[PDB]
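Protein chains in written order, with our numbering: chain S, 11 to 228; chain Y, 9 to 226; chain A, 1248 to 1462; chain Z, 2 to 219; chain H, 1145 to 1367; chain P, 1060 to 1281; chain F, 1145 to 1367; chain E, 1060 to 1281. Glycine is no exception: its CB is placed at the ideal position from the N, C-alpha and C atoms. See structure below.
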Amino acid sequence: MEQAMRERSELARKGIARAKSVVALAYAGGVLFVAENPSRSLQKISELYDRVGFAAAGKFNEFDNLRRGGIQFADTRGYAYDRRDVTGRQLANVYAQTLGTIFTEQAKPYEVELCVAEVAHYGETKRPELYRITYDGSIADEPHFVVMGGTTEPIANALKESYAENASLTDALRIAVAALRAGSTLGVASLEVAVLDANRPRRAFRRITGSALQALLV
Amino acid sequence: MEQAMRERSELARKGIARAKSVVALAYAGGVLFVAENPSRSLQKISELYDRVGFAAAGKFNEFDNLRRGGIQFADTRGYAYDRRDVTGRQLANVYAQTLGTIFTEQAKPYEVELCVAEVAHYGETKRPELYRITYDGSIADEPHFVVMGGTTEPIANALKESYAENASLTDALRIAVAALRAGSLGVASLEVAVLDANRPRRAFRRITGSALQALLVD
Amino acid sequence: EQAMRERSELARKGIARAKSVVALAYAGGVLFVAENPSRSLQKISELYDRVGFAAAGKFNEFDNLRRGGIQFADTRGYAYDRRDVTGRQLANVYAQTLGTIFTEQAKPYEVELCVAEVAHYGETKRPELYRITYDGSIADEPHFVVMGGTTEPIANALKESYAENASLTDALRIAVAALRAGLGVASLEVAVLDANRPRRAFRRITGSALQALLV
Amino acid sequence: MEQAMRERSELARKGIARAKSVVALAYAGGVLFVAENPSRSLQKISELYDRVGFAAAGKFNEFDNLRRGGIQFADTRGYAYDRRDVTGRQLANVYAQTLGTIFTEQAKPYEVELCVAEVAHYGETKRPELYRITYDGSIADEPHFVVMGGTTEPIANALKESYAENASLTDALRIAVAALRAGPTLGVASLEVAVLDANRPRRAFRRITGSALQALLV
Amino acid sequence: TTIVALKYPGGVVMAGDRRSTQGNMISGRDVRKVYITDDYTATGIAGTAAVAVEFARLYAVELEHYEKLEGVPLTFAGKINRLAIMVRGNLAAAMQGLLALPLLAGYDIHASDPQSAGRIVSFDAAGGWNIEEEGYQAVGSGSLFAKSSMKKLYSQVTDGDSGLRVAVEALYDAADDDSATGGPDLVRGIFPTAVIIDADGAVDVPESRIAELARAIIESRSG
Amino acid sequence: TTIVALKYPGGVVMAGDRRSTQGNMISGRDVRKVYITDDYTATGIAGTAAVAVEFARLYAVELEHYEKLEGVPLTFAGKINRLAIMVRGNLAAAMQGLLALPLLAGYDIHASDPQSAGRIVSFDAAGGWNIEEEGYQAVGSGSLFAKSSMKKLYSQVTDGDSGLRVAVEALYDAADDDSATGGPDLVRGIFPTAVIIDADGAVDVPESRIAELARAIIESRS
Amino acid sequence: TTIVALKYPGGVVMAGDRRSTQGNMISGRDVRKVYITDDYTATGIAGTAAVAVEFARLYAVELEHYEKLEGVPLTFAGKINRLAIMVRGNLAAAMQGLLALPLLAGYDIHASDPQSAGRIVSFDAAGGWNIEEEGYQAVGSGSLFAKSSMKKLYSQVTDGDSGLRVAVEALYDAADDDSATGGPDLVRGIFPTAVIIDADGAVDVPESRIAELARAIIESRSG
Amino acid sequence: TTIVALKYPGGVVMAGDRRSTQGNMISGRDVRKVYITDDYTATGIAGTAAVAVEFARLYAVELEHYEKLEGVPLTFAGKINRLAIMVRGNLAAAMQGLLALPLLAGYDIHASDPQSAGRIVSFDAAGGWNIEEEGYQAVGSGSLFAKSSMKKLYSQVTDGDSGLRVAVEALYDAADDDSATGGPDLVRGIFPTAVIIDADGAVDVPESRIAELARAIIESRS
Ligand SMILES: O=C1CCc2cccc(c2)Oc2ccc(cc2)C[C@@H](C(=O)NCc2ccccc2F)NC(=O)[C@H](CC(=O)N2CCC[C@@H]2c2ccccc2)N1
Ligand SMILES: O=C1CCc2cccc(c2)Oc2ccc(cc2)C[C@@H](C(=O)NCc2ccccc2F)NC(=O)[C@H](CC(=O)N2CCC[C@@H]2c2ccccc2)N1
Ligand SMILES: O=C1CCc2cccc(c2)Oc2ccc(cc2)C[C@@H](C(=O)NCc2ccccc2F)NC(=O)[C@H](CC(=O)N2CCC[C@@H]2c2ccccc2)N1
Ligand SMILES: O=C1CCc2cccc(c2)Oc2ccc(cc2)C[C@@H](C(=O)NCc2ccccc2F)NC(=O)[C@H](CC(=O)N2CCC[C@@H]2c2ccccc2)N1
């Protein structure tokens, strides 16, 4: 009972530590997601709703299950009520409930760690919200950045030193790539980058791939 | 059997002991809730029904599940019968049944400690009621104050000698914040709300921002 | 902890005892080569128009998964359109399916799967290869995939002797050679996803045509 | 986990090894099944469909259940599509899936060894097919012969010596009985013999009993 | 059937006739249609006899069931809602002829002012409910004749006794014009029943007081 | 029944009559048909009394249920959707005579221009919803007469008081032509009810004000 | 209602009227019946208002739901099939008066020829779908008047603006002969809505350009 | 609609018209009603357009579904039985006007006599199937005019090209007498579609060849 739950905790923590790292930070235009990802087609960052983004670290099929569940929840909520009623907070809230249930009841706990991010609606001024949901369902509201997966502490402290509010997109991308390298070369071939762009009219999520990303890395 | 229940009781007691502290107390204008909370989006205190409030300590996803179930129970009860038929005693009774079933049947017991408070309806004279429900379904009727989460005895004793019936909101607030200090405190680290017995119907109201600062200064 | 370690051990050991399978991209699409002494029981299969399947391990189990992927692909192609079926989403659902099996089935599956997609006719698109292991781990591979038995000798042999846009004959001999470090018409199952076919790219290379391709 | 499947494979090994032996051989007239059976009414070799036959070794009630289930599958498949869509490869595939499920999921694994054989349809020249399916769902197709039950390796190597492709009927029967005694005198009272006769117009399965069988053993 | 209910200073009165019919034929002469359903409420029901009786019995069980489970009686509004839901759930059968139409009288101990703590609630076949504010109501085939009579007599209501007299006269006028409503049977000595509710609760009115009032009404109509 | 709603600079007004009928017979003189659904919304319902009352009661509970579960009230569009879904779910019963036809008035606290943040949404029996853009709407057996009256009177609307007066006059014209809509009752002192909503929320209009306006209309037309 | 759609070199146009009715009565004057369902797709629906608006909102959610789940949008043929299946599932309710008849216009990003990448798909109440090849299509009670008008006007379609003009004039002819279709309202300033889709995506047409074209058509017909 | 199918030495041809109607109105001019269902099988369907389209699509995926699952295509009898089961399952909806009537033409690679491997199978609304042995068959509202036209012209079928011309002429006769079957459109350049199936499989017939045969038939009629 007490070491069974601690064994589940250690299995999940080990699984999250063995995966590559992800960073989400608030910049002047919204939220930047930067994850170490060598794959061309398998994604760790994703759109959830109009102004709500998703980032995960850990076992792919498990955080992909939760990614799909989040999109299902968000779309169902926006249809049953109205699009504007969907918030990043309630998406993090249901992620915390779901991971809590999984951690206690499923055969194996999920070796995953989630970030839910929300930017302001178009034309409205509101600081980005960042939420972290760990494998046990614990939920944390962060103001500036979230680091997930692998050796997190060196990346967290690199951001602790070099992060500045309202930085440009290029400045934020440099800081994020540098902080990731502190935790472990990283180029367009090994990066998955996307933003929640608060200047988009409806759907804020957009990926930065290939030529555009290379241009912002120089 | 007896060791299984001792282990589950110990897991829950430790989980609550490692949690931040909440107090609720009666004052001249109704009931006051104060809790140590640095989050700006997550909440441990909430409205349940017109004259019934809710406060919890422990794991968030678990007492948020119970907060939601209690809101479901109250809205259904008041609709099937009438609003005045819902009472704090009923909700405490439901939480006691719910937590007891959780404690004996779920894979992991809930690491939560709940307070349900009820104030008088508008224009009526009635003492506030305070109910404490623990992780095993045990339930207690309290006349002056309730403390939950973490190291309770310093906060409890601080309130014991310092509690004054019919205290001002300002007085009772300072008393409660000081009692919280005895254990593990400004606007940024506090969640505070009241069940205001003078509101015509919905007695619950939060005290945040400049109004909370003004009440904290004097 | 011990339950999942024993499950992973049973799956890993079962796959280590199985015969080996190779899939690699060549100039004509994707080539599957597997050591298979049977004439009727197969380890390589079509999934959809431009999507192929290869597996190593316990037959009844990867055959269940083979049929399951076919059911998925035909259902999705009918509920939407044929072009909406991709190799990526087939590998995605295999990862979800194997993850569930590994954690919840009475016995984990001793299987390792490959999903491969070539371009539709008339389009120039690099082939895709996916490896999905017994626990639902999913890997994106650019040139080749090796599964079953002792994979390290075969993988290294391919790593140094792989040529992009190689001919069908050259790719086939590279594959058989890499498998030898672990073989004739009677002991090989060979099939290709031929990117030059108009719709159904999957085609088996069998008997006399396979012999001519080897010699 | 390892201990469970270890003991299950052990239990099925012992049960099959204790039971009596069965052999199926491809000859010039089709496929011949020879089994040691002293009973007069309990049958180990059976028809499955038009050109498909069934032979088993082990616990009777268990391979009788599997025999019936194969008859349900083949009859259902031939009605839902057509008779000529039922193949021995299909029925062997279904037996592998079925025994795999039984081995991993039922209270006790089946102590059985199955052979499914198919001969050509009337007027056609197609090489016979034999399939062996073990208690755990392992399946292999053979070109010449299949041995099941009891001590198999002596019989298998004996046939590996004394097998001739496209041999005579009585030749193959005496070859089979000679391989069967290698693991002292086997007459009609000790034998169950049948054939899939590729020369019959539809139902190839036919038994060989009493006078005829004894005449084939002179 | 006719069941009347009216408010008087400090309480309510409910009274009902005694007749059951099967077409033109009289099938009952002493039917009791006004039920004390708890310490402070009475229910009078018109319609199909079987459904009306089952309704009153089940409704009283439901109120007492809640009180024992929860340690407190339902609020008067809660009592209204449970009755309305009961009627609503019978809508399909009522459309097949199994109709029950209740009328609810009560005394709300939690009311603001005790003088007008009386409550009269009428219902319809869809489960609609309406708290009455003009002092009186009726239900049944004679309810129009009863309400029009009470329209003219209600100003005479100053206390419980005159309230009972007006209710008895309203029933008399209903039976005068509606053959499905029974009048006083002086031959058999059978009279309408009545329930009075005030701060002390709901009590049955003795038939002898009803009889005296009915006889006085009959005498005045005679000349 | 006639229930009216109209926009005025910085708010919205909803008013409804007090009559219930059972055929030609008058069965109610005091019915309250306009409900304060929440702090910024009012609902008025025509149709079968049992259903209309249940709709108003259930809708208010649903809105508050969301606010307590989620810590924030629904957007006004979400409120529209939930009412439409309620009506749509009643369609079969409505075809059987259990009809509820709502009209929604609100003040959107998240609209950009507060001067025009008032909202009026009409519905149909299939659950259709249409946000009105011409400033007024009505529902019930007298709604045609009220909409045509308001068409000629809406130019007079400059603030809450004149919006209330026009609303009451429309209800007067509806009762003038529709026997199923109740006029002002001077003998009993019973008058239409009204709710007015602005940036400070929804409030019931005191009966005395509606009495004043009703008597003025009657005096004028005599 | 009348929704029109037509192909022009490089893209597609869809326009629709603004009227709703209940019987003979006009019940809406600014109804928006043409929805941008994704970045390259527009849907216009005729029939029962409640069902039409629900179809459009659910269909747009369904397409975005797939895009977010799978990382790629549906092929245009996949979008057709989901819309057709939605109509088919409504056939029973449609026979009871809850009819929705959509029209689909789109720009296929995966088409062969970018100047013929415009798509127009018409539907029937049984879930039938047919990709139009003659360049234009319409749906609603004025669709036959609109199609026969576009038959004579289609030759003047050379780009996006001339295609918009033809669409507006078709709607004008539809409203000229069908009272359930609304014509331009010059007193209120209300005009049909329109969406244009090309390689750069789907965009709402500003009310001003539609108003200018409507006035041009109007005074061209008045003399 | 008219779909025709006829056997020629060593193969089979199926051709279909291009028209869809909504009552009297013409609603489609380029409908393709003849489908290549697999390498050796074609189906033409008449009836409610939605059901016919859905039938051809789902039948093709079912045949390929079996092939991929089992490694071998269905026997021709199995293909017949699955199409019959599909029609039989639609019977209740067909009685409500969602009718699909298919016609099956194919080349049996497992045929007993390789010279006579051509196959024509017709069906009814109840799911009944009949292997046609008189060399031709038709389905749809013009099937009687087409079958009577082919009864006279079938003696001219000596190879695949003459069989195609007869099939096209039978469709021409059906359109001549049946307004629900479309004839060649020389203004728009639209002609029936056809599929030919022999030992080398089923292939779409080029439109240029069908247009040539149609023009020759038109000139021989005028
Ligand atoms: O007519 C019937 C038969 C049931 C029926 C069939 C078809 C249509 C129909 C009713 O449709 C109807 C037919 C007739 C009516 C309603 C519906 C009028 C109604 C009535 O008088 N109701 C007065 C009344 C009101 C409240 C409580 C009791 C009570 F009798 N009468 C009735 O239902 C009569 C009642 C009757 O004769 N009996 C004889 C023995 C038991 C029963 C009784 C029970 C309890 C008390 C007094 C009598 N049943
Ligand atoms: O006519 C009836 C019988 C019930 C019925 C069933 C099936 C079809 C039907 C009517 O067919 C019908 C008959 C009549 C109508 C609709 C359908 C009109 C409608 C109305 O006036 N509606 C005005 C109104 C609007 C909103 C809220 C309350 C309210 F009364 N009237 C009604 O439903 C009347 C209402 C009635 O008399 N009573 C008496 C006590 C309880 C009920 C009431 C409740 C609440 C307030 C005021 C009255 N029921
Ligand atoms: O007639 C009704 C009532 C429902 C009904 C009952 C019986 C038969 C019937 C339909 O059968 C029918 C009756 C009438 C029609 C169809 C079926 C025509 C159809 C129409 O105009 N449709 C045009 C249109 C097309 C797309 C989107 C919106 C839109 F209004 N009208 C309708 O359904 C009308 C619409 C209507 O008056 N209202 C008033 C407020 C809300 C609703 C509206 C919603 C959204 C936009 C504009 C208006 N409802
Ligand atoms: O009439 C309708 C509406 C559905 C309906 C309602 C009431 C009775 C009824 C059918 O009952 C019927 C009414 C009419 C028919 C059948 C049943 C004849 C039948 C036909 O022509 N069928 C020829 C045909 C055969 C095979 C494949 C496609 C094809 F169009 N016509 C139809 O179903 C017509 C078809 C039609 O107009 N459209 C326009 C856009 C989509 C649909 C189409 C799809 C695919 C291709 C071409 C057209 N639908």
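For residue i, three-class secondary structure by DSSP
| i | result |
| --- | --- |
| residue 1253 of chain E | strand |
| residue 1190 of chain H | strand |
| residue 1261 of chain F | coil |
| residue 1323 of chain H | coil |
| residue 1331 of chain A | helix |
| residue 116 of chain S | coil |
| residue 76 of chain Z | helix |
| residue 27 of chain Z | strand |
Check: residue i C-beta below 6 Å from any heavy atom of ligand 3
| i | result |
| --- | --- |
| residue 1175 of chain F | yes |
| residue 1171 of chain F | yes |
Cβ pair residue i, residue j closer than 7 Å
| i | j | result |
| --- | --- | --- |
| residue 1321 of chain A | residue 1169 of chain E | no |
| residue 31 of chain Z | residue 172 of chain Z | no |
| residue 1249 of chain E | residue 1091 of chain E | no |
| residue 1301 of chain A | residue 1309 of chain A | no |
| residue 196 of chain Y | residue 166 of chain Y | no |
| residue 204 of chain S | residue 43 of chain S | yes |
| residue 212 of chain Y | residue 44 of chain Y | no |
Contact test: residue i Cβ vs ligand 2 heavy atom, cutoff 6 Å
| i | result |
| --- | --- |
| residue 1268 of chain H | yes |
Within-7 Å CB hit, residue i to chain Z
| i | result |
| --- | --- |
| residue 1134 of chain E | yes |
| residue 1137 of chain E | yes |
Near ligand 1: residue i beta-carbon under 6 Å from a heavy atom
| i | result |
| --- | --- |
| residue 1166 of chain H | yes |
| residue 1338 of chain H | no |
*Scan the stretch 1378-1422 of chain A and note each continuous alpha helix (DSSP H) run of 4 residues or more that stays entirely inside, going in chain order.*
If only complete runs of 4 or more residues are kept, the stretch 1378-1422 of chain A shows the alpha helix (DSSP H) at 1398-1408, in order along the chain.
*Unbroken alpha helix (DSSP H) runs of length 4 or more, entirely within the stretch 1146-1227 of chain H: which are they?*
Counting only runs of at least 4 residues, the stretch 1146-1227 of chain H fully encloses the following alpha helix (DSSP H) elements, listed from N- to C-terminal order: 1193-1214.
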